[PDB]
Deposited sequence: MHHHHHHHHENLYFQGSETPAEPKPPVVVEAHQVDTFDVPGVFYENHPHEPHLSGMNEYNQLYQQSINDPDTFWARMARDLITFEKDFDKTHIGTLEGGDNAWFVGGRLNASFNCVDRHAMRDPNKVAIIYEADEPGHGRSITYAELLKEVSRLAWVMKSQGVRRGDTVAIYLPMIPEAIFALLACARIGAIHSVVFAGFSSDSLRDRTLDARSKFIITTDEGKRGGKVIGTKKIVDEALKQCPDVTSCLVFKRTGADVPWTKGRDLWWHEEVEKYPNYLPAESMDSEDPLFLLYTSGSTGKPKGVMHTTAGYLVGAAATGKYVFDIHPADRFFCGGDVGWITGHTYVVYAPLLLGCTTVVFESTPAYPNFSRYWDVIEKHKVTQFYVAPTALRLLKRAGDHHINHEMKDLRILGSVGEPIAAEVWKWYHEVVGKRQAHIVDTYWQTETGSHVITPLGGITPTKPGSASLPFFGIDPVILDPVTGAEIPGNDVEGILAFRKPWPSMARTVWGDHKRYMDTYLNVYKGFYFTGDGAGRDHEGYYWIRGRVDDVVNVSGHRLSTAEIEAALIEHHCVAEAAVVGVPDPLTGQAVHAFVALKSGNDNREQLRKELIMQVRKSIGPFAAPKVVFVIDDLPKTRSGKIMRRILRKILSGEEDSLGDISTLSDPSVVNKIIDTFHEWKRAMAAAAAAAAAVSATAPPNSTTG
């Protein structure tokens, strides 16, 4: 009888031998022996291991005094204390100083055959003069800055310009409604917001400026709204508040000094929905987050400086934060900013992009892979000679989809890396290491460096030791890129993550660890449901539906559904519009019951 039934008779797949033959460089680890050696040091002497890793990967303005203080139960963890650094220096300046004409960003626009490439020197200029705009409009170190931007390179300019002056960027997914944008801007107390006149995605127009205008009536602390002219459409304009990106940046110099930030100064807020109530502003600080981003970029995704890294995620979510922006730029390679969808103009789009730009690592969600698999294999007829790493994030990749990814997309030539992590962990925590770790379809494999996973009994909270076990997934030790608080609400941070099982970090996920020690993520044990790549609160959908006058009691379960007690076919459609106003289109239920 097998406790972890999903692993019954599943063999490990070695890295394809052709991966090493075709590799342009020498990979970072010699094999699984070195992983085990480094992993054991990361658990048994994290002070030594992470000091060396941080000093390898991150340039500090002032070296740090101590690797880590605090404990999980104390909720007081600090990493690289005494250090000083700047995230934009590490993502931009240090690379522009060595190789100014190296391409940092490839922008792939909604329409094929547009876009452009941006060098590290060009990125330094744009980050600098955008930072000048913010400084000139009164943004100071420690202020938050709301960002409501689509996938254009200007989004990277905005994150890194905020980091350059020590402002705390608070990115809001550009598909959120006015109410959601308002809620996040109010909670973050931002006085400055950055957006576009409109977005273009999949040939469709998104009225970003209109949505922002609606949200800002209820954000009177916002006194500046910088608008990037993406489409040039006539948009309403608020004199004295609104500013044109292109008019303002050209007033200011092409260089700006970077603020000397503490290791533990906040870098950003990322609002995420939890099991109960209002969105949590998950706060990441500076040094530990960047160290985790660079370490996983390097050792999980096998990133080398010449690589062309393509994450299909959106900057509005943590995957885009860590792997579109911070990790590849920290490591000095090229990152791809993709404005379109995998289906526009046709289902070949992902592969057209990878082929044209010779992408070396591609990172997407299984939801997109399932869509494309249903579309048919004739859409894929691309050499994609340099594609050696195929990443998957957000949900377990099913053996049927894993095989299609490995064979049809990767030509049995690429290593498939199923990365498990969350907004709160900053970077990958359970994952194979690209080009190193043997994999199992449907399994996230083994812990990353510094991650000490344990399986707990959900009721008694006790550790369940050894292999072939199942239960709650928790981590036993702090790690550098862990979220440090929930903005304005440290007690909620403690209660949610650290007080449930004292001494451990609670992921909210169930998991099994099979006879080989490989982990298999079972999904959320709480009321978080994943629909089409989004982390949505069933209570948030419940609260939205209830706000309608004819709805009394509302229940939402997970494709989310909604059984409500109140024409009955007319009301079924009217509740959807109420969700569209409270959250956004991507949170409307798939069926509405009465």
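Asks: Should a student be asked to find the unmodelled regions, what ranges of the deposited sequence would be the right answer here?
Replies: Gaps in the modelled chain, taken against the deposited sequence, lie at 1-24, 583-590, 599-603, 632-706.
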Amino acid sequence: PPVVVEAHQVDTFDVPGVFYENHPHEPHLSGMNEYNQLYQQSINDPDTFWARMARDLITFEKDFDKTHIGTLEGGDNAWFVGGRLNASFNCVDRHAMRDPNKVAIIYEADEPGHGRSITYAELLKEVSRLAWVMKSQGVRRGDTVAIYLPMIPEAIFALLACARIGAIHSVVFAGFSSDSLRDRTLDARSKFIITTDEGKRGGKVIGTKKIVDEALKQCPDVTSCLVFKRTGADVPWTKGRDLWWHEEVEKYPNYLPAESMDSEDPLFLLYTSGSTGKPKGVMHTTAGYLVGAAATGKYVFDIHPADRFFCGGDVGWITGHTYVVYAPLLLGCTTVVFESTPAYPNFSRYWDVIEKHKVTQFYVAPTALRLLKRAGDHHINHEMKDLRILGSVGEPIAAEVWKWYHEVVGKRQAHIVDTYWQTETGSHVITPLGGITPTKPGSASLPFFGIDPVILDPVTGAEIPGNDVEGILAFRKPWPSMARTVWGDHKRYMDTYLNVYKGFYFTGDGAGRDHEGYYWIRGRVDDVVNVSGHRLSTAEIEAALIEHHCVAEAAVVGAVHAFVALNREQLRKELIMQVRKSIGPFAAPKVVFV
From here on, numbers count along this sequence of modelled residues.
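Asks: So 453-461 or 237-245, which one's hotter by mean CA B-factor in the entry?
Replies: Result: 453-461.
Asks: So which stretch wins on mean C-alpha B-factor, 282-290 or 410-418?
Replies: It is 410-418.
Asks: Considering only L57, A51, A554, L38, which residue's Cα atom bears the greatest B-factor as recorded?
Replies: Comparing C-alpha B-factors across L57, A51, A554, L38, the maximum falls on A554.
Asks: For the listed residues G142, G202, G320, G523, which one has the largest C-alpha B-factor as given in the deposited model?
Replies: Largest recorded C-alpha B-factor: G523.
Asks: Looking at the entry's B-factor column for C-alpha atoms only, identify whether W404 ranks in the lowest, middle or highest third of its chain.
Replies: Top third by C-alpha B-factor.
Asks: Going by the entry, which third of its chain does the Cα temperature factor of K440 land in?
Replies: According to the entry, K440 has a C-alpha B-factor in the chain's highest third.
Asks: Please rank the C-alpha B-factors of the chain's modelled residues and tell me whether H490 sits in the lowest, middle or highest third.
Replies: It belongs to the lowest third of the chain when residues are ordered by C-alpha B-factor.
Asks: Split the chain's modelled residues into thirds by Cα B-factor; is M151 in the lowest, middle or highest one?
Replies: Tercile = lowest for this residue's CA B-factor.
Asks: Quick check for you: using the entry's CA B-factors within this chain, is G508 in the lowest, middle or highest third?
Replies: As the PDB entry reports it, the C-alpha B-factor of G508 lands in the middle third of its chain.
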